[PDB]
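Chemist: File name start28.cif; file contents mmCIF, N, CA and C atoms and all ligand atoms; full text below.
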```cif
data_final
loop_
_atom_site.label_atom_id
_atom_site.label_comp_id
_atom_site.auth_asym_id
_atom_site.auth_seq_id
_atom_site.Cartn_x
_atom_site.Cartn_y
_atom_site.Cartn_z
N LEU A 1 165.03 122.70 -42.25
CA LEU A 1 163.93 123.48 -42.89
C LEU A 1 162.67 123.38 -42.04
N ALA A 2 161.78 124.34 -42.21
CA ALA A 2 160.59 124.42 -41.37
C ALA A 2 159.57 123.31 -41.58
N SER A 3 159.51 122.77 -42.79
CA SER A 3 158.49 121.79 -43.15
C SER A 3 158.39 120.62 -42.17
N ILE A 4 157.17 120.17 -41.91
CA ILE A 4 156.93 118.97 -41.11
C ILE A 4 156.09 117.99 -41.93
N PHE A 5 156.03 116.75 -41.47
CA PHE A 5 155.47 115.63 -42.24
C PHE A 5 154.53 114.85 -41.34
N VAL A 6 153.25 114.89 -41.68
CA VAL A 6 152.21 114.33 -40.82
C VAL A 6 151.63 113.06 -41.42
N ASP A 7 151.70 111.97 -40.66
CA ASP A 7 151.13 110.69 -41.04
C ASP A 7 149.63 110.73 -40.76
N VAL A 8 148.85 110.71 -41.84
CA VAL A 8 147.39 110.73 -41.74
C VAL A 8 146.75 109.39 -42.06
N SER A 9 147.56 108.33 -42.12
CA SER A 9 147.10 107.00 -42.49
C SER A 9 146.03 106.39 -41.59
N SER A 10 145.94 106.85 -40.35
CA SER A 10 144.96 106.33 -39.41
C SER A 10 143.77 107.25 -39.17
N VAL A 11 143.68 108.36 -39.90
CA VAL A 11 142.58 109.31 -39.73
C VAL A 11 141.37 108.79 -40.49
N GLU A 12 140.31 108.51 -39.74
CA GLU A 12 139.06 107.99 -40.29
C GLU A 12 138.11 109.13 -40.65
N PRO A 13 137.11 108.85 -41.50
CA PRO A 13 136.14 109.89 -41.83
C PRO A 13 135.49 110.45 -40.57
N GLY A 14 135.37 111.77 -40.52
CA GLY A 14 134.78 112.44 -39.37
C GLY A 14 135.75 112.69 -38.23
N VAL A 15 137.04 112.46 -38.45
CA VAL A 15 138.06 112.73 -37.44
C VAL A 15 138.93 113.90 -37.89
N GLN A 16 139.21 114.78 -36.93
CA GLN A 16 140.17 115.86 -37.11
C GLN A 16 141.43 115.54 -36.32
N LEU A 17 142.57 115.59 -36.99
CA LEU A 17 143.86 115.47 -36.32
C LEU A 17 144.31 116.92 -36.15
N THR A 18 144.81 117.28 -34.97
CA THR A 18 145.33 118.61 -34.70
C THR A 18 146.82 118.49 -34.41
N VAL A 19 147.62 119.23 -35.18
CA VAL A 19 149.08 119.20 -35.05
C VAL A 19 149.65 120.62 -35.00
N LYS A 20 150.62 120.80 -34.11
CA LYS A 20 151.19 122.12 -33.86
C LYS A 20 152.28 122.40 -34.89
N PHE A 21 152.22 123.58 -35.50
CA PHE A 21 153.17 123.98 -36.53
C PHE A 21 153.36 125.49 -36.42
N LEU A 22 154.61 125.94 -36.40
CA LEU A 22 154.90 127.36 -36.24
C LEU A 22 154.19 127.93 -35.01
N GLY A 23 154.11 127.11 -33.96
CA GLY A 23 153.52 127.54 -32.70
C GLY A 23 152.01 127.52 -32.60
N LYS A 24 151.30 127.09 -33.64
CA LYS A 24 149.85 127.17 -33.66
C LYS A 24 149.25 125.88 -34.18
N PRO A 25 147.98 125.61 -33.84
CA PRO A 25 147.37 124.39 -34.34
C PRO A 25 146.99 124.46 -35.82
N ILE A 26 147.25 123.34 -36.49
CA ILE A 26 146.74 123.03 -37.82
C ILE A 26 145.71 121.92 -37.63
N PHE A 27 144.54 122.14 -38.20
CA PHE A 27 143.46 121.16 -38.22
C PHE A 27 143.52 120.39 -39.54
N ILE A 28 143.58 119.06 -39.44
CA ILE A 28 143.52 118.18 -40.60
C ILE A 28 142.27 117.34 -40.39
N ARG A 29 141.18 117.72 -41.06
CA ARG A 29 139.93 116.99 -40.93
C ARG A 29 139.72 116.12 -42.15
N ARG A 30 139.50 114.83 -41.91
CA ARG A 30 139.05 113.94 -42.96
C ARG A 30 137.52 114.05 -42.95
N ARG A 31 137.00 114.75 -43.95
CA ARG A 31 135.59 115.09 -43.97
C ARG A 31 134.69 113.90 -44.27
N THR A 32 133.51 113.92 -43.67
CA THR A 32 132.50 112.91 -43.96
C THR A 32 131.80 113.24 -45.27
N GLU A 33 131.05 112.28 -45.79
CA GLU A 33 130.31 112.52 -47.02
C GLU A 33 129.29 113.64 -46.82
N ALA A 34 128.71 113.75 -45.63
CA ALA A 34 127.80 114.85 -45.33
C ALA A 34 128.54 116.18 -45.37
N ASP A 35 129.72 116.24 -44.75
CA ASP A 35 130.51 117.47 -44.74
C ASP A 35 130.83 117.93 -46.17
N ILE A 36 131.22 116.99 -47.02
CA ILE A 36 131.63 117.29 -48.38
C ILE A 36 130.44 117.80 -49.18
N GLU A 37 129.35 117.04 -49.16
CA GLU A 37 128.16 117.45 -49.90
C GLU A 37 127.68 118.84 -49.50
N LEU A 38 127.58 119.09 -48.20
CA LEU A 38 127.10 120.38 -47.74
C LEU A 38 128.06 121.49 -48.15
N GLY A 39 129.37 121.27 -48.05
CA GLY A 39 130.29 122.29 -48.53
C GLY A 39 130.07 122.61 -50.00
N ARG A 40 129.81 121.57 -50.79
CA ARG A 40 129.56 121.73 -52.21
C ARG A 40 128.19 122.30 -52.56
N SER A 41 127.31 122.39 -51.57
CA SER A 41 125.96 122.90 -51.76
C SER A 41 125.81 124.40 -51.53
N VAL A 42 126.90 125.04 -51.11
CA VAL A 42 126.90 126.47 -50.86
C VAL A 42 127.30 127.22 -52.13
N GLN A 43 126.52 128.24 -52.48
CA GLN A 43 126.82 129.09 -53.62
C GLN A 43 127.78 130.19 -53.18
N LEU A 44 128.68 130.61 -54.05
CA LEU A 44 129.63 131.67 -53.72
C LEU A 44 128.93 132.94 -53.24
N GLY A 45 127.79 133.26 -53.85
CA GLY A 45 127.00 134.43 -53.48
C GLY A 45 126.46 134.41 -52.06
N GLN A 46 126.47 133.24 -51.42
CA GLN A 46 126.03 133.09 -50.04
C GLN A 46 127.16 133.34 -49.04
N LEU A 47 128.41 133.38 -49.49
CA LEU A 47 129.55 133.49 -48.58
C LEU A 47 129.92 134.90 -48.13
N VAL A 48 130.27 135.01 -46.86
CA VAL A 48 130.78 136.26 -46.31
C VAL A 48 132.13 136.60 -46.94
N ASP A 49 133.00 135.60 -47.08
CA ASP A 49 134.35 135.77 -47.63
C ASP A 49 134.47 134.85 -48.84
N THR A 50 134.51 135.42 -50.04
CA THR A 50 134.60 134.62 -51.24
C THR A 50 136.03 134.27 -51.64
N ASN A 51 137.04 134.66 -50.87
CA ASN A 51 138.42 134.33 -51.21
C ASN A 51 138.81 133.00 -50.57
N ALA A 52 139.47 132.13 -51.33
CA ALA A 52 139.86 130.82 -50.82
C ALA A 52 140.84 130.84 -49.64
N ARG A 53 141.58 131.92 -49.44
CA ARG A 53 142.55 132.04 -48.35
C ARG A 53 143.47 130.82 -48.32
N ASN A 54 143.95 130.42 -49.49
CA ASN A 54 144.65 129.14 -49.63
C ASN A 54 146.06 129.35 -50.16
N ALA A 55 147.05 129.07 -49.32
CA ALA A 55 148.45 129.27 -49.69
C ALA A 55 148.92 128.45 -50.88
N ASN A 56 148.21 127.38 -51.22
CA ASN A 56 148.63 126.46 -52.27
C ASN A 56 148.23 126.84 -53.68
N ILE A 57 147.32 127.81 -53.81
CA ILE A 57 146.76 128.17 -55.11
C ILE A 57 146.76 129.69 -55.25
N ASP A 58 146.31 130.17 -56.40
CA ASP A 58 146.28 131.60 -56.65
C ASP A 58 145.57 132.35 -55.53
N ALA A 59 146.16 133.47 -55.12
CA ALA A 59 145.63 134.24 -54.00
C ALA A 59 144.29 134.91 -54.28
N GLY A 60 143.88 134.96 -55.55
CA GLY A 60 142.57 135.46 -55.92
C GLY A 60 141.54 134.37 -56.16
N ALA A 61 141.87 133.12 -55.84
CA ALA A 61 140.95 132.01 -56.07
C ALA A 61 139.68 132.17 -55.24
N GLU A 62 138.57 131.73 -55.83
CA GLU A 62 137.27 131.74 -55.17
C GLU A 62 137.19 130.61 -54.13
N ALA A 63 136.47 130.87 -53.05
CA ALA A 63 136.27 129.91 -51.97
C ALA A 63 135.23 128.84 -52.27
N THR A 64 135.32 128.25 -53.46
CA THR A 64 134.53 127.06 -53.73
C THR A 64 135.03 125.94 -52.81
N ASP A 65 134.19 124.94 -52.58
CA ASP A 65 134.59 123.82 -51.74
C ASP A 65 135.86 123.16 -52.29
N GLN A 66 135.92 123.05 -53.62
CA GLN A 66 137.04 122.42 -54.28
C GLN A 66 138.36 123.17 -54.06
N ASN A 67 138.29 124.49 -53.92
CA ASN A 67 139.46 125.31 -53.63
C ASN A 67 139.79 125.39 -52.14
N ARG A 68 139.11 124.59 -51.33
CA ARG A 68 139.34 124.56 -49.89
C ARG A 68 139.94 123.24 -49.40
N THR A 69 140.06 122.23 -50.26
CA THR A 69 140.61 120.94 -49.86
C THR A 69 141.87 120.62 -50.66
N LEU A 70 142.67 119.70 -50.13
CA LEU A 70 143.89 119.31 -50.83
C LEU A 70 143.63 118.41 -52.03
N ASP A 71 142.55 117.64 -51.94
CA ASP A 71 142.23 116.60 -52.92
C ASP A 71 140.95 116.90 -53.69
N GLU A 72 140.89 116.39 -54.92
CA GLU A 72 139.70 116.56 -55.75
C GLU A 72 138.48 115.89 -55.13
N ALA A 73 138.68 114.79 -54.42
CA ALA A 73 137.59 114.07 -53.77
C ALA A 73 137.01 114.86 -52.60
N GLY A 74 137.72 115.87 -52.11
CA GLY A 74 137.20 116.71 -51.04
C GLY A 74 137.31 116.15 -49.64
N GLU A 75 138.04 115.06 -49.44
CA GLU A 75 138.12 114.48 -48.11
C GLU A 75 139.05 115.22 -47.16
N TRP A 76 140.06 115.92 -47.67
CA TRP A 76 141.12 116.43 -46.82
C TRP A 76 141.09 117.94 -46.71
N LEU A 77 140.58 118.41 -45.57
CA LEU A 77 140.48 119.83 -45.25
C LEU A 77 141.57 120.14 -44.23
N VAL A 78 142.54 120.95 -44.65
CA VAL A 78 143.69 121.32 -43.83
C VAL A 78 143.67 122.83 -43.66
N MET A 79 143.63 123.30 -42.41
CA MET A 79 143.50 124.73 -42.15
C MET A 79 144.24 125.10 -40.87
N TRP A 80 144.64 126.36 -40.77
CA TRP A 80 145.09 126.89 -39.50
C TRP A 80 143.90 126.98 -38.55
N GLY A 81 144.05 126.43 -37.35
CA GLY A 81 143.00 126.47 -36.33
C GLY A 81 143.11 127.74 -35.52
N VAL A 82 143.00 128.88 -36.20
CA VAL A 82 143.28 130.19 -35.65
C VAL A 82 142.18 131.12 -36.14
N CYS A 83 141.29 131.48 -35.23
CA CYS A 83 140.18 132.36 -35.56
C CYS A 83 140.71 133.63 -36.20
N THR A 84 140.08 134.04 -37.30
CA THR A 84 140.52 135.21 -38.05
C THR A 84 140.11 136.53 -37.42
N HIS A 85 139.36 136.48 -36.32
CA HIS A 85 139.02 137.66 -35.53
C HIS A 85 140.21 137.98 -34.63
N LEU A 86 140.34 137.30 -33.49
CA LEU A 86 141.42 137.57 -32.54
C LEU A 86 142.22 136.33 -32.16
N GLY A 87 142.13 135.27 -32.95
CA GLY A 87 143.05 134.14 -32.79
C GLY A 87 142.74 133.02 -31.83
N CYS A 88 141.53 132.98 -31.26
CA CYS A 88 141.16 131.83 -30.43
C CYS A 88 141.12 130.57 -31.29
N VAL A 89 141.10 129.42 -30.62
CA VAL A 89 141.09 128.13 -31.32
C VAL A 89 139.64 127.70 -31.57
N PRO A 90 139.22 127.59 -32.84
CA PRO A 90 137.85 127.15 -33.10
C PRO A 90 137.58 125.71 -32.68
N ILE A 91 136.36 125.48 -32.20
CA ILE A 91 135.88 124.18 -31.73
C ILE A 91 135.15 123.49 -32.87
N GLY A 92 135.51 122.24 -33.12
CA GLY A 92 135.07 121.48 -34.29
C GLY A 92 134.17 120.32 -33.92
N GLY A 93 134.28 119.21 -34.64
CA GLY A 93 133.36 118.10 -34.42
C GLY A 93 131.95 118.52 -34.81
N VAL A 94 131.83 119.25 -35.91
CA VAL A 94 130.55 119.73 -36.43
C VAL A 94 129.84 120.62 -35.42
N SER A 95 130.49 121.74 -35.10
CA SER A 95 129.99 122.71 -34.14
C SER A 95 129.55 124.00 -34.82
N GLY A 96 128.66 124.73 -34.15
CA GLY A 96 128.12 125.96 -34.70
C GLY A 96 126.89 125.67 -35.54
N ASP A 97 126.43 126.69 -36.26
CA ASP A 97 125.18 126.66 -37.01
C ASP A 97 125.35 126.28 -38.48
N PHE A 98 126.59 126.06 -38.92
CA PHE A 98 126.86 125.76 -40.32
C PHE A 98 127.63 124.46 -40.56
N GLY A 99 127.52 123.53 -39.61
CA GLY A 99 128.13 122.21 -39.73
C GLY A 99 129.64 122.16 -39.78
N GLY A 100 130.32 123.11 -39.13
CA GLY A 100 131.78 123.20 -39.12
C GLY A 100 132.47 123.45 -37.78
N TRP A 101 132.80 124.71 -37.54
CA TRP A 101 133.53 125.14 -36.35
C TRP A 101 132.87 126.37 -35.74
N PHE A 102 133.11 126.54 -34.45
CA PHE A 102 132.58 127.66 -33.69
C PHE A 102 133.68 128.23 -32.81
N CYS A 103 133.82 129.55 -32.81
CA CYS A 103 134.77 130.22 -31.94
C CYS A 103 133.93 130.83 -30.84
N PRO A 104 134.08 130.30 -29.62
CA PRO A 104 133.30 130.80 -28.49
C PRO A 104 133.79 132.14 -27.96
N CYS A 105 134.97 132.60 -28.35
CA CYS A 105 135.46 133.87 -27.83
C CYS A 105 134.48 135.00 -28.14
N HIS A 106 134.03 135.11 -29.39
CA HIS A 106 133.02 136.11 -29.76
C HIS A 106 131.93 135.62 -30.72
N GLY A 107 131.78 134.31 -30.84
CA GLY A 107 130.67 133.73 -31.60
C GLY A 107 130.76 133.71 -33.11
N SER A 108 131.93 133.34 -33.63
CA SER A 108 132.09 133.18 -35.06
C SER A 108 131.81 131.72 -35.42
N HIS A 109 131.23 131.52 -36.60
CA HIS A 109 130.88 130.19 -37.09
C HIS A 109 131.42 129.99 -38.50
N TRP A 110 132.09 128.87 -38.71
CA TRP A 110 132.58 128.48 -40.03
C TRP A 110 131.87 127.21 -40.47
N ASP A 111 131.69 127.07 -41.78
CA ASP A 111 131.02 125.92 -42.35
C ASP A 111 131.95 124.71 -42.51
N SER A 112 131.46 123.68 -43.21
CA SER A 112 132.19 122.43 -43.34
C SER A 112 133.40 122.52 -44.28
N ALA A 113 133.60 123.66 -44.93
CA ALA A 113 134.83 123.95 -45.66
C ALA A 113 135.66 125.01 -44.93
N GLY A 114 135.31 125.30 -43.68
CA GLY A 114 136.02 126.31 -42.91
C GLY A 114 135.81 127.74 -43.37
N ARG A 115 134.68 127.99 -44.03
CA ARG A 115 134.37 129.32 -44.54
C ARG A 115 133.51 130.07 -43.52
N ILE A 116 133.82 131.35 -43.30
CA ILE A 116 133.12 132.14 -42.31
C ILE A 116 131.68 132.42 -42.74
N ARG A 117 130.73 132.17 -41.84
CA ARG A 117 129.32 132.36 -42.16
C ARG A 117 128.56 133.28 -41.22
N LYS A 118 129.10 133.52 -40.03
CA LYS A 118 128.39 134.30 -39.02
C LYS A 118 129.40 134.75 -37.98
N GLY A 119 129.16 135.92 -37.39
CA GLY A 119 130.00 136.44 -36.33
C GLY A 119 131.03 137.45 -36.79
N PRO A 120 131.85 137.95 -35.85
CA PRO A 120 132.81 139.00 -36.15
C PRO A 120 134.06 138.63 -36.94
N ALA A 121 134.43 137.35 -37.03
CA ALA A 121 135.62 137.00 -37.79
C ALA A 121 135.42 137.42 -39.24
N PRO A 122 136.42 138.10 -39.82
CA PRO A 122 136.25 138.56 -41.19
C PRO A 122 136.54 137.58 -42.32
N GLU A 123 137.28 136.51 -42.04
CA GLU A 123 137.77 135.64 -43.10
C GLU A 123 137.59 134.16 -42.84
N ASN A 124 137.55 133.44 -43.95
CA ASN A 124 137.63 131.98 -43.92
C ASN A 124 138.93 131.58 -43.21
N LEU A 125 138.93 130.45 -42.52
CA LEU A 125 140.15 129.99 -41.88
C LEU A 125 141.19 129.75 -42.97
N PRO A 126 142.41 130.27 -42.82
CA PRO A 126 143.39 130.14 -43.89
C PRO A 126 143.96 128.73 -44.00
N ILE A 127 144.37 128.38 -45.21
CA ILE A 127 144.91 127.06 -45.52
C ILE A 127 146.42 127.18 -45.70
N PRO A 128 147.20 126.40 -44.93
CA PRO A 128 148.65 126.45 -45.01
C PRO A 128 149.15 125.78 -46.29
N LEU A 129 150.43 126.01 -46.57
CA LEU A 129 151.12 125.23 -47.59
C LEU A 129 151.02 123.78 -47.12
N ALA A 130 150.45 122.92 -47.96
CA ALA A 130 150.14 121.56 -47.55
C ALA A 130 149.91 120.72 -48.78
N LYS A 131 150.54 119.55 -48.83
CA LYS A 131 150.30 118.64 -49.93
C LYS A 131 150.68 117.22 -49.53
N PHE A 132 149.99 116.26 -50.12
CA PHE A 132 150.39 114.87 -49.95
C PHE A 132 151.69 114.59 -50.70
N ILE A 133 152.60 113.88 -50.05
CA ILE A 133 153.85 113.46 -50.68
C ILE A 133 153.85 111.96 -50.99
N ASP A 134 152.75 111.29 -50.68
CA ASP A 134 152.49 109.88 -50.96
C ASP A 134 151.09 109.63 -50.40
N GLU A 135 150.66 108.38 -50.33
CA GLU A 135 149.31 108.05 -49.88
C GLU A 135 149.00 108.39 -48.42
N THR A 136 150.03 108.47 -47.58
CA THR A 136 149.82 108.54 -46.15
C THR A 136 150.31 109.80 -45.44
N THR A 137 151.00 110.69 -46.15
CA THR A 137 151.69 111.78 -45.47
C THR A 137 151.43 113.13 -46.12
N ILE A 138 151.07 114.09 -45.28
CA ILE A 138 150.91 115.48 -45.69
C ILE A 138 152.12 116.26 -45.21
N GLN A 139 152.80 116.90 -46.16
CA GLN A 139 153.85 117.86 -45.84
C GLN A 139 153.20 119.21 -45.57
N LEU A 140 153.48 119.80 -44.41
CA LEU A 140 153.05 121.15 -44.06
C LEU A 140 154.27 122.05 -44.20
N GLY A 141 154.14 123.14 -44.94
CA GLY A 141 155.25 124.06 -45.20
C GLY A 141 155.91 123.88 -46.56
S1 LIG B 1 138.53 135.37 -31.40
FE1 LIG B 1 137.13 134.08 -32.53
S2 LIG B 1 135.25 135.23 -32.63
FE2 LIG B 1 136.68 136.57 -31.60
#
```
Please render this file's structure as structure tokens.

Modeler:
Amino acid sequence: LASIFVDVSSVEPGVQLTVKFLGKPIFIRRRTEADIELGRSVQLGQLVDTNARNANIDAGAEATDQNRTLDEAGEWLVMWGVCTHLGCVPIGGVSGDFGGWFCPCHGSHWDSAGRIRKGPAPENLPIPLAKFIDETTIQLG
């Protein structure tokens, strides 16, 4: 079966683990307290794309910070690292103008929940099928 199993037991706050799945990068960021708070400080009315783009929940879900992470605590942000414009790999480590990711191909910026805030990309970075199967492992797929 296609599913893969990623050990995230050593991922510290502020670290992104990047793992290849279906030929493309998946970003698994363990968010910092600053990342979480700022994601939660954005109002839906401020967002370019209000859809959660999240394979794990209803396809009409709103892009609240809570609908962008695997966990209620908001520490685990798992997304396809594939720009929604033309597919370049977004640069992270708190890059761009919104404390998230920046795509240098044409200047798109995503926030700390991976939501699109500026540039030509039309959508929030999509979230793959992903869930914890115990304390240390995320199943992708
Ligand atoms: S491919 Fe990312 S902004 Fe164009």

Chemist: What is the distance between CA of residue 141 in chain A and CA of residue 63 in chain A, in Å to one decimal?

Modeler: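 Value for the CA of residue 141 in chain A-CA of residue 63 in chain A distance: 21.0 Å.
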
Chemist: My list of candidates is A:133, A:47, A:139, A:77. Which is closest to residue 29 in chain A when distances are computed with only N, CA and C atoms?

Modeler: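 That would be A:77, the residue with the smallest distance to residue 29 in chain A.
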
Chemist: Kindly provide the residues of chain A that approach ligand LIG 1 (chain B) to within 6.5 Å, each paired with its closest atom pair and their distance in Å to one decimal, based on all atoms listed in the file, listed by chain and increasing number, as a Markdown table.

Modeler:
```
| residue | atom | partner | partner_atom | distance |
| --- | --- | --- | --- | --- |
| A:83 | CA | B:LIG1 | FE1 | 4.6 |
| A:84 | N | B:LIG1 | FE1 | 5.6 |
| A:85 | C | B:LIG1 | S1 | 4.5 |
| A:86 | N | B:LIG1 | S1 | 3.4 |
| A:87 | N | B:LIG1 | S1 | 3.9 |
| A:88 | N | B:LIG1 | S1 | 3.8 |
| A:89 | N | B:LIG1 | FE1 | 6.4 |
| A:103 | CA | B:LIG1 | FE1 | 4.6 |
| A:104 | N | B:LIG1 | FE1 | 5.7 |
| A:105 | C | B:LIG1 | FE2 | 4.4 |
| A:106 | N | B:LIG1 | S2 | 3.5 |
| A:107 | N | B:LIG1 | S2 | 4.0 |
| A:108 | N | B:LIG1 | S2 | 3.9 |
| A:119 | C | B:LIG1 | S2 | 6.3 |
| A:120 | N | B:LIG1 | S2 | 5.4 |
| A:121 | N | B:LIG1 | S2 | 5.0 |
```

Chemist: Using the chain letters and numbers from this document, which residues of chain A does DSSP assign to helix (DSSP H, G or I), as a list in words?

Modeler: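 Result set for chain A (helix (DSSP H, G or I)): residues 33, 34, 35, 36, 37, 38, 39, 40, 44, 45, 46, 65, 66, 67 and 68 of chain A.
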
Chemist: Store the residues of this selection in a file with N, CA and C atoms, as a short mmCIF file (atom, residue, chain, number, x, y, z; two decimals), in the coordinates of the input.

Modeler:
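File produced: again-v1.cif:
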```
data_model
loop_
_atom_site.label_atom_id
_atom_site.label_comp_id
_atom_site.auth_asym_id
_atom_site.auth_seq_id
_atom_site.Cartn_x
_atom_site.Cartn_y
_atom_site.Cartn_z
N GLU A 33 131.05 112.28 -45.79
CA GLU A 33 130.31 112.52 -47.02
C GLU A 33 129.29 113.64 -46.82
N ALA A 34 128.71 113.75 -45.63
CA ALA A 34 127.80 114.85 -45.33
C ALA A 34 128.54 116.18 -45.37
N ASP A 35 129.72 116.24 -44.75
CA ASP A 35 130.51 117.47 -44.74
C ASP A 35 130.83 117.93 -46.17
N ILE A 36 131.22 116.99 -47.02
CA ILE A 36 131.63 117.29 -48.38
C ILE A 36 130.44 117.80 -49.18
N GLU A 37 129.35 117.04 -49.16
CA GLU A 37 128.16 117.45 -49.90
C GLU A 37 127.68 118.84 -49.50
N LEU A 38 127.58 119.09 -48.20
CA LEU A 38 127.10 120.38 -47.74
C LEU A 38 128.06 121.49 -48.15
N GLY A 39 129.37 121.27 -48.05
CA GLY A 39 130.29 122.29 -48.53
C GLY A 39 130.07 122.61 -50.00
N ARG A 40 129.81 121.57 -50.79
CA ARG A 40 129.56 121.73 -52.21
C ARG A 40 128.19 122.30 -52.56
N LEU A 44 128.68 130.61 -54.05
CA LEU A 44 129.63 131.67 -53.72
C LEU A 44 128.93 132.94 -53.24
N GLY A 45 127.79 133.26 -53.85
CA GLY A 45 127.00 134.43 -53.48
C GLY A 45 126.46 134.41 -52.06
N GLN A 46 126.47 133.24 -51.42
CA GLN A 46 126.03 133.09 -50.04
C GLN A 46 127.16 133.34 -49.04
N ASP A 65 134.19 124.94 -52.58
CA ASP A 65 134.59 123.82 -51.74
C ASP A 65 135.86 123.16 -52.29
N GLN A 66 135.92 123.05 -53.62
CA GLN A 66 137.04 122.42 -54.28
C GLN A 66 138.36 123.17 -54.06
N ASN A 67 138.29 124.49 -53.92
CA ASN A 67 139.46 125.31 -53.63
C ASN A 67 139.79 125.39 -52.14
N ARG A 68 139.11 124.59 -51.33
CA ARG A 68 139.34 124.56 -49.89
C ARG A 68 139.94 123.24 -49.40
#
```

Chemist: With only C-alpha atoms as the atoms that count, which of A:43, A:3, A:112, A:10 lies nearest to residue 22 in chain A?

Modeler: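 With only C-alpha atoms as the atom set, the closest residue is A:3.
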